[PDB]
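Structure data (PDB, C-alpha atoms) from query34.pdb:
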ATOM      1  CA  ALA A   1      90.598 -19.972 -43.773
ATOM      2  CA  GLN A   2      89.826 -16.891 -41.637
ATOM      3  CA  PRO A   3      90.870 -13.815 -43.650
ATOM      4  CA  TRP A   4      89.149 -11.523 -41.134
ATOM      5  CA  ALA A   5      91.637 -12.623 -38.447
ATOM      6  CA  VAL A   6      93.903  -9.569 -38.345
ATOM      7  CA  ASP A   7      97.490 -10.767 -38.883
ATOM      8  CA  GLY A   8      96.281 -14.149 -37.668
ATOM      9  CA  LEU A   9      95.298 -12.613 -34.319
ATOM     10  CA  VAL A  10      91.729 -13.801 -33.741
ATOM     11  CA  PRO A  11      89.381 -11.309 -32.053
ATOM     12  CA  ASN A  12      87.436 -12.673 -29.108
ATOM     13  CA  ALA A  13      84.229 -12.019 -31.069
ATOM     14  CA  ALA A  14      84.993 -14.950 -33.378
ATOM     15  CA  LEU A  15      85.612 -17.211 -30.379
ATOM     16  CA  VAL A  16      82.321 -16.044 -28.861
ATOM     17  CA  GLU A  17      80.502 -16.867 -32.102
ATOM     18  CA  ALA A  18      82.138 -20.304 -32.250
ATOM     19  CA  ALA A  19      81.048 -20.958 -28.665
ATOM     20  CA  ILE A  20      77.552 -19.819 -29.663
ATOM     21  CA  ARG A  21      77.470 -22.360 -32.494
ATOM     22  CA  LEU A  22      78.768 -25.122 -30.219
ATOM     23  CA  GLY A  23      76.053 -24.300 -27.693
ATOM     24  CA  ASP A  24      73.453 -24.324 -30.463
ATOM     25  CA  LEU A  25      74.606 -27.849 -31.266
ATOM     26  CA  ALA A  26      74.368 -28.631 -27.542
ATOM     27  CA  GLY A  27      71.092 -26.710 -27.272
ATOM     28  CA  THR A  28      72.723 -23.864 -25.314
ATOM     29  CA  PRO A  29      72.248 -20.601 -27.244
ATOM     30  CA  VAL A  30      73.245 -18.574 -24.155
ATOM     31  CA  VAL A  31      76.790 -18.317 -22.797
ATOM     32  CA  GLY A  32      76.677 -18.208 -19.008
ATOM     33  CA  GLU A  33      80.223 -16.878 -18.693
ATOM     34  CA  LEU A  34      83.393 -16.800 -20.789
ATOM     35  CA  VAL A  35      86.823 -15.641 -19.625
ATOM     36  CA  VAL A  36      89.514 -15.431 -22.306
ATOM     37  CA  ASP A  37      92.812 -16.883 -21.112
ATOM     38  CA  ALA A  38      94.752 -15.933 -24.262
ATOM     39  CA  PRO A  39      93.842 -14.798 -27.791
ATOM     40  CA  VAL A  40      94.416 -16.919 -30.879
ATOM     41  CA  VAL A  41      97.108 -15.759 -33.314
ATOM     42  CA  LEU A  42      96.979 -17.814 -36.503
ATOM     43  CA  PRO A  43     100.433 -18.439 -38.014
ATOM     44  CA  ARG A  44     101.034 -16.615 -41.282
ATOM     45  CA  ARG A  45     102.259 -19.883 -42.810
ATOM     46  CA  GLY A  46     100.318 -23.027 -41.989
ATOM     47  CA  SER A  47      97.327 -23.481 -39.721
ATOM     48  CA  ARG A  48      96.511 -24.336 -36.108
ATOM     49  CA  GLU A  49      94.406 -27.208 -34.785
ATOM     50  CA  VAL A  50      91.694 -25.693 -32.572
ATOM     51  CA  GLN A  51      89.573 -27.828 -30.243
ATOM     52  CA  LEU A  52      86.552 -26.651 -28.271
ATOM     53  CA  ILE A  53      85.669 -29.157 -25.550
ATOM     54  CA  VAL A  54      82.336 -28.914 -23.738
ATOM     55  CA  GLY A  55      82.233 -30.955 -20.549
ATOM     56  CA  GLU A  56      79.306 -32.788 -19.060
ATOM     57  CA  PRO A  57      76.550 -30.559 -17.624
ATOM     58  CA  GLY A  58      76.211 -29.968 -13.902
ATOM     59  CA  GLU A  59      73.821 -27.675 -12.055
ATOM     60  CA  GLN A  60      71.078 -25.890 -14.028
ATOM     61  CA  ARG A  61      72.137 -27.944 -17.088
ATOM     62  CA  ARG A  62      75.118 -25.560 -17.437
ATOM     63  CA  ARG A  63      77.979 -27.172 -19.364
ATOM     64  CA  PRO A  64      81.663 -26.354 -18.797
ATOM     65  CA  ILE A  65      83.355 -25.102 -21.966
ATOM     66  CA  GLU A  66      87.052 -24.717 -22.770
ATOM     67  CA  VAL A  67      89.186 -23.991 -25.836
ATOM     68  CA  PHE A  68      92.571 -25.625 -26.481
ATOM     69  CA  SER A  69      94.676 -24.793 -29.531
ATOM     70  CA  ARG A  70      97.884 -26.378 -30.764
ATOM     71  CA  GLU A  71     100.030 -25.692 -33.828
ATOM     72  CA  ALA A  72     101.124 -29.164 -35.002
ATOM     73  CA  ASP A  73     102.937 -30.664 -31.957
ATOM     74  CA  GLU A  74     102.286 -27.566 -29.818
ATOM     75  CA  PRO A  75     101.214 -28.091 -26.188
ATOM     76  CA  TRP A  76      97.490 -27.522 -25.717
ATOM     77  CA  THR A  77      97.329 -23.921 -24.490
ATOM     78  CA  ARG A  78      93.933 -22.839 -23.183
ATOM     79  CA  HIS A  79      92.602 -19.746 -24.953
ATOM     80  CA  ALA A  80      89.207 -19.308 -23.279
ATOM     81  CA  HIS A  81      87.097 -21.064 -20.674
ATOM     82  CA  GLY A  82      83.873 -20.787 -18.757
ATOM     83  CA  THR A  83      80.387 -22.248 -18.626
ATOM     84  CA  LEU A  84      77.326 -22.258 -20.878
ATOM     85  CA  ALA A  85      73.880 -21.683 -19.369
ATOM     86  CA  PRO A  86      70.503 -22.541 -20.923
ATOM     87  CA  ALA A  87      68.603 -19.628 -22.415
ATOM     88  CA  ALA A  88      66.174 -17.960 -20.033
ATOM     89  CA  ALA A  89      62.485 -17.914 -20.920
ATOM     90  CA  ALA A  90      62.484 -14.098 -20.741
ATOM     91  CA  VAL A  91      65.758 -12.157 -20.909
ATOM     92  CA  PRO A  92      65.395  -8.717 -19.242
ATOM     93  CA  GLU A  93      67.200  -6.319 -21.556
ATOM     94  CA  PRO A  94      69.339  -3.905 -19.494
ATOM     95  CA  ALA A  95      68.412  -0.258 -19.924
ATOM     96  CA  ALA A  96      70.133   1.966 -22.480
ATOM     97  CA  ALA A  97      73.367   2.976 -20.750
ATOM     98  CA  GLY A  98      75.125   3.879 -24.001
ATOM     99  CA  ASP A  99      74.407   5.930 -27.090
ATOM    100  CA  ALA A 100      73.262   3.972 -30.128
ATOM    101  CA  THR A 101      75.955   3.035 -32.648
ATOM    102  CA  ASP A 102      75.117   1.796 -36.149
ATOM    103  CA  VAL A 103      78.117  -0.461 -36.701
ATOM    104  CA  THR A 104      78.738  -1.416 -40.338
ATOM    105  CA  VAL A 105      81.729  -3.486 -41.472
ATOM    106  CA  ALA A 106      82.543  -4.039 -45.138
ATOM    107  CA  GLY A 107      83.345  -7.450 -46.587
ATOM    108  CA  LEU A 108      81.430  -9.626 -44.115
ATOM    109  CA  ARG A 109      81.966 -12.818 -46.079
ATOM    110  CA  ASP A 110      80.155 -15.875 -44.687
ATOM    111  CA  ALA A 111      78.227 -13.537 -42.369
ATOM    112  CA  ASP A 112      75.254 -15.827 -43.009
ATOM    113  CA  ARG A 113      77.321 -18.716 -41.612
ATOM    114  CA  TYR A 114      77.172 -16.934 -38.235
ATOM    115  CA  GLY A 115      74.550 -15.127 -36.223
ATOM    116  CA  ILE A 116      76.806 -12.077 -36.543
ATOM    117  CA  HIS A 117      80.001 -11.800 -38.560
ATOM    118  CA  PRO A 118      83.095 -11.924 -36.305
ATOM    119  CA  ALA A 119      84.439  -8.668 -37.754
ATOM    120  CA  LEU A 120      81.073  -6.968 -37.229
ATOM    121  CA  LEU A 121      80.832  -8.414 -33.718
ATOM    122  CA  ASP A 122      84.353  -7.220 -32.894
ATOM    123  CA  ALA A 123      83.631  -3.712 -34.176
ATOM    124  CA  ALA A 124      80.357  -3.585 -32.230
ATOM    125  CA  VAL A 125      82.016  -4.738 -29.005
ATOM    126  CA  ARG A 126      84.856  -2.246 -29.514
ATOM    127  CA  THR A 127      82.273   0.530 -29.850
ATOM    128  CA  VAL A 128      81.206  -0.305 -26.258
ATOM    129  CA  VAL A 129      84.065  -1.915 -24.306
ATOM    130  CA  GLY A 130      86.747   0.192 -25.970
ATOM    131  CA  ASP A 131      89.311  -0.263 -28.724
ATOM    132  CA  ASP A 132      92.375  -0.352 -26.459
ATOM    133  CA  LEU A 133      90.946  -2.980 -24.073
ATOM    134  CA  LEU A 134      90.312  -6.370 -25.635
ATOM    135  CA  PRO A 135      86.924  -7.639 -24.390
ATOM    136  CA  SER A 136      87.639 -10.909 -22.599
ATOM    137  CA  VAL A 137      84.962 -11.348 -19.893
ATOM    138  CA  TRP A 138      81.677 -12.025 -21.698
ATOM    139  CA  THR A 139      78.655 -12.779 -19.514
ATOM    140  CA  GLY A 140      75.080 -13.591 -20.476
ATOM    141  CA  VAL A 141      75.573 -13.681 -24.246
ATOM    142  CA  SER A 142      72.034 -14.311 -25.526
ATOM    143  CA  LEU A 143      71.471 -14.716 -29.269
ATOM    144  CA  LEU A 144      68.082 -14.086 -30.881
ATOM    145  CA  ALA A 145      68.547 -13.323 -34.597
ATOM    146  CA  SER A 146      71.087 -14.629 -37.101
ATOM    147  CA  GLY A 147      72.731 -13.168 -40.180
ATOM    148  CA  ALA A 148      72.887  -9.523 -39.113
ATOM    149  CA  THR A 149      74.800  -7.287 -41.539
ATOM    150  CA  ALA A 150      74.596  -3.727 -40.176
ATOM    151  CA  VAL A 151      73.959  -3.739 -36.433
ATOM    152  CA  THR A 152      72.544  -1.190 -33.994
ATOM    153  CA  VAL A 153      74.374  -1.351 -30.662
ATOM    154  CA  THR A 154      72.631   0.062 -27.610
ATOM    155  CA  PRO A 155      75.444  -0.127 -25.030
ATOM    156  CA  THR A 156      74.559  -0.986 -21.444
ATOM    157  CA  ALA A 157      76.506  -0.513 -18.215
ATOM    158  CA  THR A 158      78.641  -3.589 -18.935
ATOM    159  CA  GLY A 159      76.978  -5.389 -21.863
ATOM    160  CA  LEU A 160      75.109  -4.285 -24.981
ATOM    161  CA  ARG A 161      72.026  -4.833 -27.123
ATOM    162  CA  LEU A 162      72.651  -5.777 -30.752
ATOM    163  CA  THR A 163      69.579  -5.144 -32.910
ATOM    164  CA  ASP A 164      68.759  -4.866 -36.590
ATOM    165  CA  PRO A 165      68.238  -1.404 -38.108
ATOM    166  CA  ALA A 166      64.517  -2.215 -37.890
ATOM    167  CA  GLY A 167      64.899  -2.340 -34.091
ATOM    168  CA  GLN A 168      64.261  -6.056 -33.568
ATOM    169  CA  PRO A 169      66.731  -7.366 -30.952
ATOM    170  CA  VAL A 170      69.389  -9.730 -32.277
ATOM    171  CA  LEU A 171      71.704 -10.367 -29.314
ATOM    172  CA  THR A 172      72.282  -9.271 -25.726
ATOM    173  CA  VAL A 173      75.424  -9.253 -23.581
ATOM    174  CA  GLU A 174      74.902  -8.803 -19.848
ATOM    175  CA  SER A 175      78.496  -7.815 -19.049
ATOM    176  CA  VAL A 176      81.406  -7.574 -21.486
ATOM    177  CA  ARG A 177      84.620  -6.121 -20.074
ATOM    178  CA  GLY A 178      87.925  -5.277 -21.716
ATOM    179  CA  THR A 179      91.390  -6.022 -20.372
ATOM    180  CA  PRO A 180      94.825  -4.754 -21.467
ATOM    181  CA  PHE A 181      96.157  -6.965 -24.262
ATOM    182  CA  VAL A 182      99.396  -6.187 -26.086
TER     183      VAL A 182
ATOM    184  CA  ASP B   1      79.570  10.292 -80.294
ATOM    185  CA  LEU B   2      77.407  10.206 -77.168
ATOM    186  CA  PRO B   3      78.232   8.221 -74.023
ATOM    187  CA  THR B   4      76.631   4.828 -73.557
ATOM    188  CA  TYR B   5      74.287   3.498 -70.873
ATOM    189  CA  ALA B   6      75.200   3.639 -67.180
ATOM    190  CA  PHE B   7      74.825   0.141 -65.751
ATOM    191  CA  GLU B   8      74.393  -0.375 -62.028
ATOM    192  CA  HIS B   9      76.809  -3.006 -60.751
ATOM    193  CA  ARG B  10      76.593  -5.707 -58.086
ATOM    194  CA  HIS B  11      79.038  -8.515 -57.433
ATOM    195  CA  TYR B  12      78.050 -12.072 -58.317
ATOM    196  CA  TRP B  13      80.183 -15.198 -58.123
ATOM    197  CA  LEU B  14      80.008 -18.926 -57.448
ATOM    198  CA  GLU B  15      83.190 -20.615 -56.276
ATOM    199  CA  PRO B  16      83.452 -24.409 -56.567
ATOM    200  CA  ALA B  17      82.723 -26.461 -53.470
ATOM    201  CA  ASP B  18      93.207 -44.300 -43.988
ATOM    202  CA  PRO B  19      90.391 -45.960 -45.932
ATOM    203  CA  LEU B  20      89.444 -47.977 -42.828
ATOM    204  CA  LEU B  21      90.766 -46.014 -39.835
ATOM    205  CA  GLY B  22      89.691 -42.650 -41.263
ATOM    206  CA  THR B  23      90.713 -39.817 -38.936
ATOM    207  CA  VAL B  24      92.927 -40.385 -35.882
ATOM    208  CA  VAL B  25      92.634 -37.908 -33.002
ATOM    209  CA  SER B  26      94.572 -37.679 -29.734
ATOM    210  CA  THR B  27      92.756 -36.194 -26.755
ATOM    211  CA  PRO B  28      94.524 -33.037 -25.472
ATOM    212  CA  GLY B  29      96.800 -34.204 -22.671
ATOM    213  CA  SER B  30      95.559 -37.809 -22.824
ATOM    214  CA  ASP B  31      96.938 -40.987 -24.382
ATOM    215  CA  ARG B  32      93.475 -42.128 -25.504
ATOM    216  CA  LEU B  33      93.252 -42.277 -29.302
ATOM    217  CA  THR B  34      90.032 -42.146 -31.332
ATOM    218  CA  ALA B  35      89.755 -43.393 -34.918
ATOM    219  CA  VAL B  36      86.598 -42.204 -36.694
ATOM    220  CA  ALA B  37      85.569 -43.613 -40.064
ATOM    221  CA  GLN B  38      82.571 -44.039 -42.351
ATOM    222  CA  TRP B  39      81.997 -47.393 -44.056
ATOM    223  CA  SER B  40      79.660 -48.215 -46.949
ATOM    224  CA  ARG B  41      79.086 -51.220 -49.187
ATOM    225  CA  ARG B  42      80.591 -49.444 -52.190
TER     226      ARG B  42
END
Represent the structure contained in this file as C-alpha cells.
Amino acid sequence: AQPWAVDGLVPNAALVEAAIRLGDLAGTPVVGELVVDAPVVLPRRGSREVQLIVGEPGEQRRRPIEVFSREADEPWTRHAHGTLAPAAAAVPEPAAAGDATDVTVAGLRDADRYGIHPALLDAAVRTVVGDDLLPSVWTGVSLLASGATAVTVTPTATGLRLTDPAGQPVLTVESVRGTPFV
Amino acid sequence: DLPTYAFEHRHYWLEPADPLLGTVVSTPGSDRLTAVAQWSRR
C-alpha cells in the first residue's frame, strides 16, 4: 500500500502529510506542534491498522492529535502526538538561514494525492535537519500549495520554506528538529 | 538500410479501480464498539 515506506519503516514526512490531511478535514491546515513518539515500521508480510485520533478542541480552537497503530491484536502504541492550530491570517516566513536546495525525488506516485509526496518531503527535510537525525519535532507546519513535484527548500534556523521552482511558497515549517533514531 | 524514426517516450497507464452491521471497530483501549453500515432500498 505504501511502497515508498523504506523496508516498511515510515518516514515522519508521511505521518506529517497524513496529519495535514486530517487537519484539512477538520479545517486545520496548520500543525501547531507534533512530537514523534516512535516511527512506523510496516511489516513485510501483512499490514498494520493505523488510527489517527483528533480530540475535541480547546483553547484557540487547537485540537489534540495522536496516532495509535496496532498490527492485528497488537497493543495500541502511540507513534506521534501533539496539537493542531488554526492557520494564521499571515504567516511570517523566517529568513533564509540555509542555502537553497532543489530537491527532486523520482517515482513520486500519488504525489497529487498529497500536498507533497512523502518521499519528496522526507528528502527535503533531510536536506535541512540532517540525514542521520530523524526529524521528529515539527512545529508550525503551514501548507499553501498542493501537488509539488520538484521542491525548492530554503532552510531556516529550525524550519524551512518549501516552494515551487517558480518561487511561489508551498509550505513552511517553523521548527523541525532531528533526534537520534536507530 | 537506414535507421528508423526516433520516437520520444513517456509512460502512460490506467490501472483498474456483515450486510447489516457493516464494519465493527473497537476504540483503542476502550470496550466501546462501533458498527458502521450503509443501508439502501435495493
Report the distance between CA of residue 139 in chain A and CA of residue 43 in chain A in Å, rounded to one decimal place.
29.1 Å
Name the residues that the PyMOL selection byres ((chain A and resi 5) around 9) pulls out of this structure, and write them as JSON, numbers by chain.
{"A": [2, 3, 4, 6, 7, 8, 9, 10, 11, 14, 41, 42, 118, 119]}
Can you work out which residues from chain A touch chain B at a cut-off of 12 Å (counting only C-alpha atoms) and hand them back as a PyMOL selection string?
chain A and resi 49-53+66-70+72-78+107
Could those selected residues go to a file with C-alpha atoms, as a CSV table (one decimal), keeping the file's coordinate frame?
chain,number,residue,atom,x,y,z
A,49,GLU,CA,94.4,-27.2,-34.8
A,50,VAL,CA,91.7,-25.7,-32.6
A,51,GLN,CA,89.6,-27.8,-30.2
A,52,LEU,CA,86.6,-26.7,-28.3
A,53,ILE,CA,85.7,-29.2,-25.6
A,66,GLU,CA,87.1,-24.7,-22.8
A,67,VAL,CA,89.2,-24.0,-25.8
A,68,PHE,CA,92.6,-25.6,-26.5
A,69,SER,CA,94.7,-24.8,-29.5
A,70,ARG,CA,97.9,-26.4,-30.8
A,72,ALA,CA,101.1,-29.2,-35.0
A,73,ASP,CA,102.9,-30.7,-32.0
A,74,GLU,CA,102.3,-27.6,-29.8
A,75,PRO,CA,101.2,-28.1,-26.2
A,76,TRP,CA,97.5,-27.5,-25.7
A,77,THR,CA,97.3,-23.9,-24.5
A,78,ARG,CA,93.9,-22.8,-23.2
A,107,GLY,CA,83.3,-7.4,-46.6
Apply the PyMOL selection byres ((chain A and resi 180) around 12) to the file shown and report the selected residues as a PyMOL selection string.
chain A and resi 36+38-39+129-137+177-179+181-182
Would you be able to write out as a list in words which residues have an atom within 7 Å of (91.7, -38.7, -33.7) in the file's coordinates, counting all atoms listed in the file?
residues 23, 24, 25, 26, 33, 34, 35 and 36 of chain B
Can you tell me which residues surround residue 32 in chain A at a distance of at most 6 Å, considering only C-alpha atoms, apart from same-chain residues fewer than 6 positions away, and format the answer as a PyMOL selection string?
chain A and resi 83-85+139-140
Find the residues around residue 106 in chain A up to 10 Å (all atoms listed in the file counted), leave out those fewer than 6 positions away in its own chain, and share them as a list in words.
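The residues that qualify are residues 119, 120, 149 and 150 of chain A.
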Contacts of residue 26 in chain A within 10 Å, only C-alpha atoms, excl. fewer than 5 positions in-chain, as an NGL selection string:
:A and (20-21 or 54 or 63 or 84 or 86)
Store the residues picked out above in a file with C-alpha atoms, as a compact mmCIF listing (two decimals), in the frame of the given file.
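Everything below was put into part-v2.txt:
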# COMPACT_ATOMS: atom_id res chain seq x y z
CA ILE A 20 77.55 -19.82 -29.66
CA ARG A 21 77.47 -22.36 -32.49
CA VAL A 54 82.34 -28.91 -23.74
CA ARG A 63 77.98 -27.17 -19.36
CA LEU A 84 77.33 -22.26 -20.88
CA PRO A 86 70.50 -22.54 -20.92
Expected answer as number ranges by chain: all residues with atoms within 9 Å of (67.9, -17.6, -21.9), all atoms listed in the file:
A: 28-31, 85-91, 140-143
Pairwise distance, CA of residue 146 in chain A with CA of residue 110 in chain A, equals 11.9 Å
For CA of residue 115 in chain A and CA of residue 147 in chain A, quote the distance in Å rounded to one decimal.
4.8 Å
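Closest approach to residue 38 in chain B among B:16, B:22, B:11, B:1 is made by B:22 (distances from all atoms listed in the file).
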When you look at residue 95 in chain A with a cut-off of 12 Å (counting all atoms listed in the file), what residues show up, excluding the ones that are within fewer than 3 positions of it in the same chain? I need them as number ranges by chain.
A: 92, 98-99, 154-161, 172-174
Put those residues in a file: C-alpha atoms, as a tab-separated table (two decimals), keeping the file's coordinate frame.
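After the write, selection_31.tsv holds the following:
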chain	number	residue	atom	x	y	z
A	92	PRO	CA	65.40	-8.72	-19.24
A	98	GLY	CA	75.12	3.88	-24.00
A	99	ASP	CA	74.41	5.93	-27.09
A	154	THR	CA	72.63	0.06	-27.61
A	155	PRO	CA	75.44	-0.13	-25.03
A	156	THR	CA	74.56	-0.99	-21.44
A	157	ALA	CA	76.51	-0.51	-18.22
A	158	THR	CA	78.64	-3.59	-18.93
A	159	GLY	CA	76.98	-5.39	-21.86
A	160	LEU	CA	75.11	-4.28	-24.98
A	161	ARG	CA	72.03	-4.83	-27.12
A	172	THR	CA	72.28	-9.27	-25.73
A	173	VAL	CA	75.42	-9.25	-23.58
A	174	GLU	CA	74.90	-8.80	-19.85
Would you mind writing range 158-180 of chain A with N, CA and C atoms, as an mmCIF file, in the frame of the given file?
data_model
loop_
_atom_site.group_PDB
_atom_site.id
_atom_site.type_symbol
_atom_site.label_atom_id
_atom_site.label_comp_id
_atom_site.auth_asym_id
_atom_site.auth_seq_id
_atom_site.Cartn_x
_atom_site.Cartn_y
_atom_site.Cartn_z
ATOM 1 N N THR A 158 77.536 -2.680 -18.673
ATOM 2 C CA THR A 158 78.641 -3.589 -18.935
ATOM 3 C C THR A 158 78.442 -4.466 -20.163
ATOM 4 N N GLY A 159 77.216 -4.628 -20.652
ATOM 5 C CA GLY A 159 76.978 -5.389 -21.863
ATOM 6 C C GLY A 159 76.494 -4.510 -22.998
ATOM 7 N N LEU A 160 75.651 -5.056 -23.872
ATOM 8 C CA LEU A 160 75.109 -4.285 -24.981
ATOM 9 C C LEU A 160 73.898 -5.009 -25.551
ATOM 10 N N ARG A 161 73.102 -4.269 -26.319
ATOM 11 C CA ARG A 161 72.026 -4.833 -27.123
ATOM 12 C C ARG A 161 72.394 -4.675 -28.591
ATOM 13 N N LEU A 162 72.453 -5.786 -29.312
ATOM 14 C CA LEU A 162 72.651 -5.777 -30.752
ATOM 15 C C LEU A 162 71.297 -6.006 -31.407
ATOM 16 N N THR A 163 70.858 -5.053 -32.223
ATOM 17 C CA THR A 163 69.579 -5.144 -32.910
ATOM 18 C C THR A 163 69.794 -4.914 -34.399
ATOM 19 N N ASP A 164 68.770 -5.225 -35.182
ATOM 20 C CA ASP A 164 68.759 -4.866 -36.590
ATOM 21 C C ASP A 164 68.437 -3.383 -36.728
ATOM 22 N N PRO A 165 68.674 -2.795 -37.904
ATOM 23 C CA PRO A 165 68.238 -1.404 -38.108
ATOM 24 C C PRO A 165 66.743 -1.219 -37.920
ATOM 25 N N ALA A 166 65.951 -2.273 -38.134
ATOM 26 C CA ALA A 166 64.517 -2.215 -37.890
ATOM 27 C C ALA A 166 64.166 -2.167 -36.408
ATOM 28 N N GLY A 167 65.128 -2.408 -35.518
ATOM 29 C CA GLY A 167 64.899 -2.340 -34.091
ATOM 30 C C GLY A 167 64.644 -3.671 -33.413
ATOM 31 N N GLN A 168 64.467 -4.744 -34.173
ATOM 32 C CA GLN A 168 64.261 -6.056 -33.568
ATOM 33 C C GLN A 168 65.549 -6.521 -32.897
ATOM 34 N N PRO A 169 65.506 -6.916 -31.626
ATOM 35 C CA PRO A 169 66.731 -7.366 -30.952
ATOM 36 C C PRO A 169 67.325 -8.593 -31.627
ATOM 37 N N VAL A 170 68.654 -8.633 -31.671
ATOM 38 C CA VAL A 170 69.389 -9.730 -32.277
ATOM 39 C C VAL A 170 70.216 -10.487 -31.245
ATOM 40 N N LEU A 171 70.820 -9.769 -30.303
ATOM 41 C CA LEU A 171 71.704 -10.367 -29.314
ATOM 42 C C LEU A 171 71.768 -9.452 -28.101
ATOM 43 N N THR A 172 72.109 -10.035 -26.953
ATOM 44 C CA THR A 172 72.282 -9.271 -25.726
ATOM 45 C C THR A 172 73.467 -9.815 -24.947
ATOM 46 N N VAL A 173 74.307 -8.909 -24.454
ATOM 47 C CA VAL A 173 75.424 -9.253 -23.581
ATOM 48 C C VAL A 173 75.195 -8.569 -22.241
ATOM 49 N N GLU A 174 75.123 -9.366 -21.175
ATOM 50 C CA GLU A 174 74.902 -8.803 -19.848
ATOM 51 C C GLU A 174 76.094 -7.967 -19.401
ATOM 52 N N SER A 175 77.300 -8.522 -19.499
ATOM 53 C CA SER A 175 78.496 -7.815 -19.049
ATOM 54 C C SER A 175 79.669 -8.260 -19.908
ATOM 55 N N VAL A 176 80.181 -7.352 -20.732
ATOM 56 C CA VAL A 176 81.406 -7.574 -21.486
ATOM 57 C C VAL A 176 82.423 -6.531 -21.045
ATOM 58 N N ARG A 177 83.602 -6.993 -20.638
ATOM 59 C CA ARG A 177 84.620 -6.121 -20.074
ATOM 60 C C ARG A 177 85.945 -6.339 -20.787
ATOM 61 N N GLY A 178 86.648 -5.242 -21.037
ATOM 62 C CA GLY A 178 87.925 -5.277 -21.716
ATOM 63 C C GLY A 178 89.090 -5.250 -20.746
ATOM 64 N N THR A 179 90.158 -5.933 -21.133
ATOM 65 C CA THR A 179 91.390 -6.022 -20.372
ATOM 66 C C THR A 179 92.559 -5.620 -21.258
ATOM 67 N N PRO A 180 93.666 -5.170 -20.662
ATOM 68 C CA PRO A 180 94.825 -4.754 -21.467
ATOM 69 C C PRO A 180 95.484 -5.952 -22.135
#
